[PDB]
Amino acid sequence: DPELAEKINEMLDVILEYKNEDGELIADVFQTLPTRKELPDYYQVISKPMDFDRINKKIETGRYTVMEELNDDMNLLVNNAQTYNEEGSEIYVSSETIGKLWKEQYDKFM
C-alpha cells in the first residue's frame, strides 16, 4: 500500500539517519547481519534473525499490511541485539537507542 510504505519509509529514515555523540550512524551495524557462513554461532543463539536489509525486502514485496507487523520486526531487531551482545557494549547501547527512537515513531504514527 503506497501510503503505508511512505509512512514506514519516513519513520525508518529517522532511525537510519541518527548519529550518536561520537558521530557514528548507530543503525549501520544493524543493516546487514553477518552471514550464516561468516558467523554460524549467531544463528545458534538467535532463532529469528532480523536486519534492515530484510525489512526493506519486506517493504518492496508488500509484506507489511499494517504498522504492527513492522513494530514486530523492529522489536525483533532490538531484542536480538540485546540477546546476542553484552549489556553495556556499543552495539547493545545502540540497540537501546534504536528501540527508543522506534517507540517515538510508532507512538506518533497513532
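Residue positions are given as counts along the sequence shown, with the first one as 1.
Mean CA temperature factor is higher for 34 to 42 when stretches 34 to 42 and 76 to 84 are set side by side in the entry. Set 18 to 26 against 91 to 99 and average the Cα temperature factors; 18 to 26 ends up higher. Residue 58: CA B factor lies in the middle third for its chain, per the PDB record.
Among the modelled residues of the chain, residue 71 sits in the lowest third by CA temperature factor in this PDB entry.
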